[PDB]
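Peer 1:
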Amino acid sequence: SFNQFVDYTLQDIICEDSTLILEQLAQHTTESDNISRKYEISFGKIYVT
Amino acid sequence: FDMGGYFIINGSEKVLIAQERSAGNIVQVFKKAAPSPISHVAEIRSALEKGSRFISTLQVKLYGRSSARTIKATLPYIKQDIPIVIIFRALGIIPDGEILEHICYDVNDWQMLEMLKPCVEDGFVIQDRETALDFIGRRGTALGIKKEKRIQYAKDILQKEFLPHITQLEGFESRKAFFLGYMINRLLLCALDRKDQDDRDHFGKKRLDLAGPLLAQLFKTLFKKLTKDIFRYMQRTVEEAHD
Amino acid sequence: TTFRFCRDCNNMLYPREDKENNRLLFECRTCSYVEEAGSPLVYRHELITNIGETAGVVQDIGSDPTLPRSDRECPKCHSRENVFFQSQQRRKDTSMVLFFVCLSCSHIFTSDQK
Amino acid sequence: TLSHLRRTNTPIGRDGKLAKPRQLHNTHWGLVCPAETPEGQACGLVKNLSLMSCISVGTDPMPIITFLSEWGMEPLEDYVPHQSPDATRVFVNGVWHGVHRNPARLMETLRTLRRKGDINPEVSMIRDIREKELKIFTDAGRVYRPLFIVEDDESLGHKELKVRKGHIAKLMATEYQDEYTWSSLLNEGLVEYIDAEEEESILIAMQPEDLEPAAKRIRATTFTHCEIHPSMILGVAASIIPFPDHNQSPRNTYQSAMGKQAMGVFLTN
Amino acid sequence: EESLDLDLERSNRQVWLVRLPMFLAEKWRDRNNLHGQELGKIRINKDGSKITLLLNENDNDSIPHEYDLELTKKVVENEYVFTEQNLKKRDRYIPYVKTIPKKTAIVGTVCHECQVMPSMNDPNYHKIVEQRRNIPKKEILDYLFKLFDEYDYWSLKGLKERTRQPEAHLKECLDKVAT
Amino acid sequence: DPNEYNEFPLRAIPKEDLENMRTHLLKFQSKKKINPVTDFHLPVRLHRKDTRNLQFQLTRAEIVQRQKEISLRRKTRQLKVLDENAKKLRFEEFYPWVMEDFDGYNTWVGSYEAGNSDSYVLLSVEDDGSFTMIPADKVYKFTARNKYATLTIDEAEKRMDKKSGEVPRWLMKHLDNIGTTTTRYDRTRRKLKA
Ligand SMILES: [Zn+2]
Ligand SMILES: [Zn+2]
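So this is what it looks like as structure tokens:
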């Protein structure tokens, strides 16, 4: 059980919910335009020591 | 000789023990006692590894012992015990004999048909899917741009939350219909005593969990706590800077 | 006792009586199709039954290895092989009558002699 | 310690019933020791696995469902009860996926392909032919134990388990080598995992010759499996009971309770 | 612009419906392929009931060439296949719900459902099975006199850029006349 | 093989044609065979619309007759992520497909199938015998609706409630004799007569 949870299901539990963005175009009209300020954060590969 | 899968916390050897439960996502039936208005029921547990614990209980209840032969069902988030012909029509099976073909399999037997005839007479009134879906089941949250209840809202319920197995995306209502028909079929077998009462105490219908699932559960929940704190301080950085 | 359906639209037919010609006319509540009834029988409650010990037979019951085997013969084909098993109905008063199914004559027969 | 690693524990509540699982059940065979129970207010709550007992760690089902599509099912979208009055429903972890016309070929094909090793052997399958149903289980949480396979047919005649003297000779040689393993016996299909759910499609043999040919003590013909040894239904302390048939069961219960409180040695370091 | 209705000439067309294994379907859904080239051969009987696919050697034998056709549904009713092109460019009636009816053409009736199954006797067959198992004060006062003439409730924040001056000087000047 | 058959190994679609093509599959849910080119009071329009009060919605013949007679944000939010193709599919099927004749005597309401829309491929014979391969995209299912003068949700709720221990068997026949909520064909005929 321990080896199975170390090898897999951890990369799965990361890639299930890793996405988080807050892209602020202008959040009101103008501001001309403003630009679609993609504040993007997400997690890729994981590591163990 | 110290072959042992334990853990070393604070200078103490430390082991975890298995936990058990009934297996989820599998049919059971019960025979509740006589004085209650319910006689024969069923249940489905659920979990899909394991976002927001995915509990999502289900039951289908039965009335009478007599002339109260009716089959209502409950779903989240519906507080009313909904009769089931409504559910068939709402999922999109209008013509009556086809609901019958979804339920039973041998057309030559009939006892199921007299069992269901009062239920069809219950469903004699509503003849359209969105009219059926118009039944309220409020239970929160507040209405959006609606009239009484959005049919979009009801279909969103039936897609996203109900029956967290076979699908939850958009388009497999016929799989749902067959699954519910099989459930009704086994409930009717338990009611008509051709097939017997199930057992809760049999072993294979239970499961044993271990460190894998346990660390999975705790790690998921604290990861969600983590993620909500990640969303915290992202709104707070109205001012500088990107630390 | 069966539930007929309207052949124009597969819907549950209901009984409704002629006002003057004194005949049961199964009129569709969906469409205007109507049909006279063969018998004055409409509804039937059947508070007592004793049925269900027999069926559930597949054509290859004997393909499963778990059923026991005997040497009584089928009284049509006389082959001595057989598969025997008890009632398929389970009430608290079902009998210890037995059901004997063969492969050669592929036939079901019992051991009662009253 | 080697007892205490393999423990299990359920929650119930305060008082509970008695036919409810406080007392043992026939389903428990080959999995949990019918003696090694603790005593006092929780007897029948904690229970202890078998020796060869092994747990299921799960395997993703989509290769299986694609395999099952490719070898032919009607997917449910065009099912009709009239034109398919008797075909078998197919389940995977309690999920409807198919109804299929010819069950026997499918069942033997899955069994053979499990034996050849192209499927993880943790997966289990039941043909409840009495109800024309078929089950597939691949989750994590099942319990299983080994068996000796049997082919019914035999050029030498009547019925036989497949394994022979040469294989066990090779095992003896590899052990005294100081290249077979248990897995290297598994891959070519001589033993087979069977879970806690399957057995009702299987006849069991107590001894390797109990009826296999066609005063001390006192002791059908369609077997498919025999146990490795009847002595291995026990548990950890249950092994230590000398001649455990030759007493009464509550004495075994106190013995399993007592053995945890024995001194001696525990490690060497 | 064009006609909003549907074409009807191509309605009268029998169509055969095929399912396919995943590896074969990936090759037969290649848009880099599919230009008119002929890639297989067929062989029916006079009475039917056994049709085989003679796949041409374009596959280079990573897959079989011997295949059989499994006509599951020999007779098919009410199954219609159509096409779509976007357009060239109590009694309340809504003629525009922003529905976008298209140049749509019903182009065929399905008559025969079938399937191509890899014939297991082929050596390239079941190899796929192991594969599937592996995978400035003054001026600004006139200027502000113009500003209230421009608009009555002029913004204090909008007053800043119209002055771009010392605001304490601006605050004193604002108090002398209005708000 | 001896050529007792129509051998034509496949030709294929023009790639330049294949852009802007969406070729779905249609089925009717009735045991009787239906051919719309024989049944429908053409012209037939295919539209993607909402279905709210579709019985109360006017027919195209009624529309033609009427035409002839007349002539501060809180600066913080979160889009929890979702698949763009799934969202596009959801917005596409936010309204379903409906085809019907000009009269409105027969109308058909469609729905969407996600079961097996990937694996299918088309063998449509051409006039010469050509077999063009059109890879299918989606399959849609159509049912008839309001062919039989459907009822109303409110009085339906009053029949559902325990006002009657058993509702009348011919209550729909009595309502039809009253003339409330008649058929779409009957409403179109009455509007054409008026
Ligand atoms: Zn009718
Ligand atoms: Zn016989």
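Protein chains in written order, with PDB author numbering: chain A, 50 to 98; chain B, 197 to 261, 264 to 441; chain C, 2 to 115; chain D, 491 to 668, 678 to 713, 726 to 730, 735 to 784; chain E, 54 to 142, 198 to 243, 295 to 338; chain F, 94 to 164, 325 to 447. Here a beta-carbon is modelled for each residue, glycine too, at the ideal position from N, C-alpha and C.
Could you tell me whether the Cβ of residue 247 (chain B) comes closer than 8 Å to any Cβ of chain D?
Peer 2: It does not; no Cβ of chain D falls within 8 Å.
Peer 1: Can you tell me whether residue 105 (chain C) sits near ligand 2, meaning its C-beta is under 7 Å from at least one heavy atom of the ligand?
Peer 2: Flag set: Cβ of residue 105 (chain C) near ligand 2.
Peer 1: For the candidate residues F:364, F:157, F:139 and F:124, whose alpha-carbon lies nearest to that of residue 572 (chain D)?
Peer 2: That would be F:124, whose Cα lies nearest to the Cα of residue 572 (chain D).
Peer 1: Do residue 412 (chain B) and residue 212 (chain B) have their C-beta atoms closer together than 8 Å?
Peer 2: Yes, these two residues count as a Cβ contact at 8 Å.
Peer 1: Would you say the beta carbon of residue 32 (chain C) is closer than 7 Å to some non-hydrogen atom of ligand 1?
Peer 2: Answer for residue 32 (chain C): yes, Cβ within range of ligand 1.
Peer 1: So, under 8 Å CB-CB, residue 51 (chain A) and residue 290 (chain B) are touching, yes? Tell me the CB distance rounded to an integer number of Å.
Peer 2: Going by Cβ atoms, the distance from residue 51 (chain A) to residue 290 (chain B) rounds to 47 Å, so no, they are not a contact pair.
Peer 1: Using a Cβ cut-off of 8 Å, pull out every chain A residue sitting near residue 150 (chain F), in sequence order please.
Peer 2: Under the 8 Å cutoff, chain A gives no residues; its nearest Cβ is about 37 Å from residue 150 (chain F).
Peer 1: Go through the stretch 509-562 of chain D residue by residue and report every complete run of the beta strand (DSSP E) that reaches 3 residues or more, in order.
Peer 2: Listed in chain order, the complete beta strand (DSSP E) runs (minimum 3 residues) inside the stretch 509-562 of chain D are 544-547.
Peer 1: Under a CB-based cut-off of 8 Å, is residue 373 (chain F) close to chain E?
Peer 2: Chain E, which has a Cβ nearer than 8 Å to the Cβ of residue 373 (chain F), makes this yes.
Peer 1: Which word fits residue 752 (chain D), buried or exposed, when buried means at least 16 other C-beta atoms lie within 10 angstroms of its C-beta?
Peer 2: The residue is buried, with at least 16 neighbouring Cβ atoms inside 10 Å.
Peer 1: From residue 537 (chain D) to residue 523 (chain D), what distance separates their C-alpha atoms?
Peer 2: Their Cα atoms are separated by approximately 7 Å.
Peer 1: At a threshold of 7 Å, does residue 12 (chain C) count as lining ligand 1 (C-beta to nearest heavy atom)?
Peer 2: Flag set: Cβ of residue 12 (chain C) near ligand 1.
Peer 1: Could you tell me which residues DSSP pairs with residue 36 (chain C) in its beta bridges?
Peer 2: DSSP output for residue 36 (chain C) lists C:27 as bridge partner(s).
Peer 1: At a Cβ cut of 7 Å, what residues of the stretch 102-113 of chain E count as close to chain F, listed as they run along the chain?
Peer 2: Going along the stretch 102-113 of chain E in chain order, one finds no residue with a Cβ nearer than 7 Å to chain F.
Peer 1: Using the beta-carbon count (16 or more within 10 Å), is residue 80 (chain C) buried or exposed?
Peer 2: So residue 80 (chain C) ends up on the exposed side.
Peer 1: Between the Cα of residue 566 (chain D) and those of B:346, B:416 and B:377, spot the shortest distance and give me the residue it belongs to.
Peer 2: It is B:377.
Peer 1: Mind the definition here: the stretch 337-352 of chain F touches the stretch 358-374 of chain B only if three or more C-beta pairs lie below 8 Å; say whether that holds.
Peer 2: The stretch 337-352 of chain F is in contact with the stretch 358-374 of chain B.
Peer 1: Quick one: list the residues of chain C neighbouring residue 438 (chain F), beta-carbon separation under 8 Å, in chain order.
Peer 2: The contacting residues do not exist; residue 438 (chain F) stays about 12 Å from chain C at best.
Peer 1: So which of B:422, B:256 and B:434 has the shortest CA-CA distance to residue 283 (chain B)?
Peer 2: Here the closest residue by C-alpha is B:256.
Peer 1: Along the chain, where does the alpha helix (DSSP H) that runs through residue 262 (chain B) open and close?
Peer 2: Absent here is residue 262 (chain B), because the residues of chain B run from 261 on to 264 with nothing modelled in between.
Peer 1: Any heavy atom of ligand 1 closer than 7 Å to the Cβ of residue 407 (chain B)?
Peer 2: No, since every heavy atom of ligand 1 falls outside the 7 Å radius drawn around the Cβ of residue 407 (chain B).
Peer 1: Should residue 288 (chain B) be labelled buried (16 or more other beta-carbon atoms within 10 Å of its own) or exposed?
Peer 2: Residue 288 (chain B) should be labelled buried.
Peer 1: Within 8 Å of any Cβ in chain B, is that where the Cβ of residue 85 (chain A) sits?
Peer 2: With 8 Å as the cut-off, residue 85 (chain A) does not count as an interface residue toward chain B.
Peer 1: Against residue 412 (chain F), what residues of chain C qualify as contacts under a CB-to-CB distance less than 9 Å, listed in chain order?
Peer 2: The contacting residues do not exist; residue 412 (chain F) stays about 13 Å from chain C at best.
Peer 1: Just grab the DSSP bridge partners of residue 601 (chain D) for me.
Peer 2: Residue 601 (chain D) is not bridged to any residue.
Peer 1: So, for residue 115 (chain F): in the same chain, excluding its five sequence neighbours on each side, which residues have a beta-carbon less than 7 Å away from its beta-carbon?
Peer 2: Counting only Cβ-Cβ distances below 7 Å, and skipping sequence neighbours, we find 390.
Peer 1: Within 7 Å: the Cβ of residue 590 (chain D) and any heavy atom of ligand 2?
Peer 2: Incorrect: residue 590 (chain D) has no Cβ contact closer than 7 Å to ligand 2.
Peer 1: Run the CB neighbour count on residue 75 (chain E), radius 10 Å, all protein chains shown included, and call it buried at 16 or more, exposed below.
Peer 2: Result: exposed.
Peer 1: List the whole-angstrom C-beta distance separating residue 397 (chain F) from residue 350 (chain F), where the pair is believed to meet the contact cut-off of C-beta under 8 Å.
Peer 2: With a Cβ gap of about 14 Å, residue 397 (chain F) and residue 350 (chain F) do not count as contacting.
Peer 1: Measuring CA to CA, which of E:114, E:125 and E:108 is closest to residue 90 (chain E)?
Peer 2: With distances taken between Cα atoms, residue 90 (chain E) lies closest to E:108.
Peer 1: Is it the case that the CB of residue 765 (chain D) approaches a heavy atom of ligand 2 more closely than 7 Å?
Peer 2: Incorrect: residue 765 (chain D) has no Cβ contact closer than 7 Å to ligand 2.
Peer 1: On the criterion of 16 or more Cβ atoms from any shown chain inside 10 Å, does residue 520 (chain D) qualify as buried, or is it exposed?
Peer 2: So residue 520 (chain D) ends up on the buried side.
Peer 1: Under 8 Å: do the stretch 218-233 of chain B and the stretch 337-349 of chain B share three or more Cβ pairs, one atom per stretch?
Peer 2: Touching, no, given that fewer than three Cβ pairs across the two stretches are closer than 8 Å.
Peer 1: Closer than 7 Å by C-beta to residue 69 (chain C): which residues in its own chain qualify, once you throw out the five before and the five after it? Chain order, please.
Peer 2: If we look at residue 69 (chain C) and ignore the five residues flanking it on each side, its Cβ neighbours are 85.
Peer 1: For residue 515 (chain D) and residue 396 (chain B), what's the separation of their Cα atoms in angstroms?
Peer 2: Rounded to whole angstroms, residue 515 (chain D) to residue 396 (chain B) spans 14 Å at the Cα level.
Peer 1: Look up residue 96 (chain E) in the DSSP assignment and say whether it is helix, strand or coil.
Peer 2: Strand, per DSSP.
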